[PDB]
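The chain below stands alone and is given as structure tokens, in the form deposited in one PDB entry.
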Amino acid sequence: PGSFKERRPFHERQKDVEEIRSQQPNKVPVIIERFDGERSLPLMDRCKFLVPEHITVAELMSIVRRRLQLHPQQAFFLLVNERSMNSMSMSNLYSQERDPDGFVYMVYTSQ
């Protein structure tokens, strides 16, 4: 529904990751989009982020909060592929949940 996977075919997605891996082998390719079942939080201008291996989910949350210009005590959560997410570093998240295209996919929800 205009998601990254729908707008970008597979071979193109694989090509984005191989670009990232060879230019910046240290960085985790993350896709962040609005949950299909979320309607209150707004959409975001970009969905593609390349983040240091060592940063945490809580840090990833600040990144979204800031980009969406949310209230600091606005309650929201990230799902991976679609389960609950925090202290997980990007390195660990990626080892457990990366997509076959080589991105790891997240969505934010307020519920």
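One-based numbering along the sequence shown. Here, rigid core means the biggest group of C-alpha atoms that superpose within 1.5 Å across both forms.
Where coordinates are absent for parts of the deposited sequence, a chain break appears; between neighbours residue 85 and residue 86 it spans 1 to 3 residues.
Of the two segments examined, 39-47 and 66-74, it is 66-74 that shows the higher average Cα temperature factor in the deposited entry. As recorded in the PDB entry, 22-30 is the stretch of 48-56 and 22-30 with the greater mean C-alpha temperature factor. In the PDB entry, a CA B factor belonging to the lowest third of its chain's modelled residues is recorded for residue 99.
The same protein has a further form, the form deposited in another entry, not shown here; the description that follows concerns it.
Relative to the superposed rigid core, the position of the CA of residue 65 differs between the shown form and the other one by 2 Å or more.
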